[PDB]
Amino acid sequence: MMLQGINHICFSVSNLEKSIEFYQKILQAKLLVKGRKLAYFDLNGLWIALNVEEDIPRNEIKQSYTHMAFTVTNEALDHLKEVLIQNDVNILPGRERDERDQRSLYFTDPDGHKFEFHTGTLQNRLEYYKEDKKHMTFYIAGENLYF
Amino acid sequence: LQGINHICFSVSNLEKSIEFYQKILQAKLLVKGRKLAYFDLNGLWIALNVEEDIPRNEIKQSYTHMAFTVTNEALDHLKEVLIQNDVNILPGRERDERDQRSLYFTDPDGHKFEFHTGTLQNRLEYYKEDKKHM
Ligand SMILES: C[C@@H]1O[C@@H]1P(=O)(O)O
Ligand SMILES: C[C@@H]1O[C@@H]1P(=O)(O)O
Ligand SMILES: [Zn+2]
Ligand SMILES: [Zn+2]
């Protein structure tokens, strides 16, 4: 039957020791336990796992726009971009934006998993597209016309 | 960080993936477009963006996946949903009983998902109980 909500995310990593420092520093995840092949994090109530897969091809992932986004404020976005620069993170060129899309930062973990810091919400994105829609509406049936 | 904003999956065929996300993950469609679709799944903003031209073969070797919470009988029923919809079911990893029950599968483009019947706390305890034992 029904799915109740998100349970956990698992990331395949090639280096447990370096991936831990990435997820702690860049994503501010709180390490809960670690072995030699696993690490569990709490990220604001979200269970995140790192599972080691030592030698797999990780080149095609760079070509896929599949990504995970986290919410930050505008001042936080600018703090984080500097943090990502001083911590040597691969920062992706994002797509062209509209100002109504709200600002974003795209980047990857040491194994190519794409992440995003976003200032907007689903609200805005739907409020965006709906305003665009209203722009193309000239006759509102039900309205009373003069003549 | 304020938590998860949204998750985006690159798909090759929009209508084919939209059905998957509708029928398998039970996500509620909000809006479609030429190369996009937005859902709401248990309060999560799920987005699909289409990219037809890219190679999607190496994604098979990575254990990277996203898990959703289900009850044990939801899992039983969901297993037949997968099979009936010819969903790419992966055989599970070796599990202790305290691992709780799971079912792993992929969407048409190789993104891996899991229906899981446990919690992190369930798992931490199974790990902690191991320490207590020793
Ligand atoms: C919970 C971490 O994702 C791994 P599992 O699903 O193999 O337990
Ligand atoms: C919101 C859907 O993920 C895409 P975007 O990040 O390019 O806007
Ligand atoms: Zn995004
Ligand atoms: Zn899992």
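What follows is calculated from the coordinates using simple rules that are stated; it is not laboratory data. All Cβ positions, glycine included, derive from the backbone under ideal geometry; neighbour counts span all protein chains shown.
Numbers for the structure displayed
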read-out	value
Counted residues, the range A:102-114 - those being within 11 Å of chain B (Cβ to nearest Cβ) and within 11 Å of ligand 2 (Cβ to nearest atom)	4
For A:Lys37: the one exception among (1) under 16 Å from A:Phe117 (Cα atoms); (2) within 16 Å of ligand 4 (Cβ to nearest atom)	(1)
Selection within the range B:1-36 - within 13 Å of ligand 2 (Cβ to nearest atom) and not aliphatic (A, V, I, L, M)	B:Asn5, B:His6, B:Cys8, B:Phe9, B:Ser10, B:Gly33, B:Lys35
Every residue from the range B:64-80 that is surrounded by fewer than 18 Cβ atoms within 10 Å (Cβ to Cβ) and of a type in the set (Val, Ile, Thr)	B:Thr71
Where A:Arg100 falls short, out of the listed (1) charged (D, E, K, R); (2) within 16 Å of ligand 4 (Cβ to nearest atom); (3) closer than 30 Å to B:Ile54 by Cα	(2)
Failed item in (1) touching a strand residue (DSSP E or B) at 6+ places or on another chain (Cβ under 7 Å); (2) within 16 Å of ligand 1 (Cβ to nearest atom), with B:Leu82 passing the rest	(2)
Residues that are more than 9 Å from ligand 1 (Cβ to nearest atom) and not aliphatic (A, V, I, L, M), drawn from the range A:45-59	A:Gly45, A:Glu53, A:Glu54, A:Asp55, A:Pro57, A:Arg58, A:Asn59
Scope the range A:8-48; condition at the interface with chain B (Cβ under 7 Å from one of its Cβ atoms), polar (S, T, N, Q) and out of contact with any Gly (no Cβ under 8 Å at 6 or more places or on another chain); matching residues	A:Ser12, A:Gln28
Residue satisfying all of: in the range B:93-124; touching a helix residue (DSSP H, G or I) at 6+ places or on another chain (Cβ under 8 Å) and farther than 30 Å from B:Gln22 by Cα; surrounded by the fewest Cβ atoms within 10 Å (Cβ to Cβ) among these	B:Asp96
Subset tally (residues that are in a helix (DSSP H, G or I) and more than 7 Å from chain A (Cβ to nearest Cβ)) for the range B:56-81	9
Unique residue being under 16 Å from the mean Cα position of the chain (by Cα), aliphatic (A, V, I, L, M) and closer than 27 Å to A:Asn124 by Cβ when the list is B:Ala37, B:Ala47	B:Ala47
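A quick yes/no check of all residues on (1) within 16 Å of ligand 3 (Cβ to nearest atom); (2) surrounded by fewer than 16 Cβ atoms within 10 Å (Cβ to Cβ):
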site	(1), (2)
B:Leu1	yes, no
B:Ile18	no, no
B:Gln26	no, no
B:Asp53	no, yes
